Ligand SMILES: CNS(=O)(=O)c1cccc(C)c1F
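Below sits a lone chain in structure tokens, taken as the form solved without this ligand.
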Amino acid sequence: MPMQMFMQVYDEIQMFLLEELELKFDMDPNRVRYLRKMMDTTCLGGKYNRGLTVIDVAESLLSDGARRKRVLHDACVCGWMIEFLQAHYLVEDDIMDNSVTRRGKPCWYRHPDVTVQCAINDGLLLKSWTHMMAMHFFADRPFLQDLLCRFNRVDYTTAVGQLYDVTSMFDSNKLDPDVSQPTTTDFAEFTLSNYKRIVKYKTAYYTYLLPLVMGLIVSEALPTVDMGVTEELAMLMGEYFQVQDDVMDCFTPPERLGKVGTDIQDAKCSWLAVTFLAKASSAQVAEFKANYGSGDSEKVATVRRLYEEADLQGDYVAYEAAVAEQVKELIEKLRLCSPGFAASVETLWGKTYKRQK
């Protein structure tokens, strides 16, 4: 059922937005139809991990079934708010990362009828919809200001995180708008510390912390949990989710992965790249340097090979276990004063640990 009503409120939101376009922006049915397709293709098809979480927290915490209905609905709107924020990111990320496929279909900007320019602006419309939906449905909620501050910080922090990711293959000392510069040939920026920073901000926040917080907000229970504990947790699960994407991006088939991995070509600061570079010998490192950051498929075939070659899967299992115990400890601190919350945090974790997704 959670999914049942989630989809129902999707329909609501779609109706209100599209109809509002119709009436108040002088929109013809064609463009209106365009945007319905855009919205279904970018927003739907996922597993709604972040959205559902928000409901799940709300329902755990709500502990006159009108209050039940109000929280549940709000939670669903918040859920879609996060899902549309994510859709906005992916539309724009795929463009920035020059990706081919997402979710099993082609990236939005790679549809035959969607120009790159229009995709950038469709990206922006998606972000704007989060605000429009929030303002409509929470217009007379006491928490609306706090929700919109929080949400905007996250989205800002996500963009800062993007700045890190997108500038990780340039030696940060040569960073200047006025003077051009090429892919780093010593990679001395590739470092776990740098990697951790990029992920914290580009992923952790809008993926793990924001769904938890929104669910608490609609529940009027945010002060009841230990935030410090919650923040540590979100950061941890978030980092471990990005690393999992980094490994899959190299070693899970695009068919099961519903995308094709561009980390090796984009010369990305992926987990496999940093972990290799801190453990590998000199000949391994010199091959790598000569075989990373090039679309060539013999050179791409080399790096992938070279990872397998130096036993990264092993490092990933140790990491995973290190994380998994650290999560278990933290959740138990959290159960002490907030059992209901800790339950739904566990569930979320349960959806992440050793995902094949």
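Residue numbers run from 1 along the displayed sequence. Note that the rigid core is defined as the largest set of C-alphas that superpose within 1.5 Å between two forms.
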Please check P177 against the other PDB entries of this protein that were compared: is it missing in at least a third of those that model both its neighbours? yes
Answer yes if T203 is missing coordinates in at least a third of the other compared entries, and no if every one of them models it. no
Unresolved deposited residues in the interval that joins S297 and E298: none
Higher average CA B factor in the deposited record is what I'm after, so tell me if that's 280 to 288 or 192 to 200. 280 to 288
Do the C-alpha atoms of 264 to 272 or of 236 to 244 have the higher average B factor in the entry? 264 to 272
Pick out which of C118, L209, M132, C250 has the highest C-alpha B-factor in the PDB entry. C250
Could you say which of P182, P142, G215, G161 has its CA atom at the highest B factor, as listed in the PDB entry? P182
Entry-reported Cα temperature factor of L72, expressed as the chain third it lands in: middle
What third of its chain, lowest, middle or highest, does the C-alpha temperature factor of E308 fall into? highest
Determine, from the deposited record, the chain-internal third of the Cα B-factor for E320: lowest, middle or highest. lowest
Grab the CA temperature factor for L334 from the record and place it in the lowest, middle or highest third of its chain. middle
Based on the deposited C-alpha B factors for this chain, I'd like to know if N49 is in the lowest, middle or highest third. middle
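Not pictured, yet referred to below: the form solved in complex with this ligand.
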Assert contact residue (this ligand, in the entry with it bound, non-hydrogen atom within 4.5 Å, options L209, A221, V229, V71) equals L209
Can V225 be called a contact residue for this ligand in the entry with it bound at 4.5 Å between heavy atoms? no
Applying a 4.5 Å heavy atom distance criterion, does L216 contact this ligand in the entry with it bound? no
Residue-level question: is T157 within 4.5 Å of this ligand in the entry with it bound, judged on heavy atoms? yes
For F190, is any heavy atom within 4.5 Å of this ligand in the entry with it bound, or not? no
Pick from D165, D93, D249, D266: whose Cα moves by 2 Å or more between the shown form and the other one, rigid core superposed? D93
Rigid core superposition, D40 Cα moves 2 angstroms or more between the shown form and the other one: yes
Per-residue C-alpha change between the shown form and the other one, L21, threshold 2 Å, rigid core fit: yes
Could you check, with the core superposed, whether the Cα atom of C118 shifts 2 Å or more between the shown form and the other one? yes
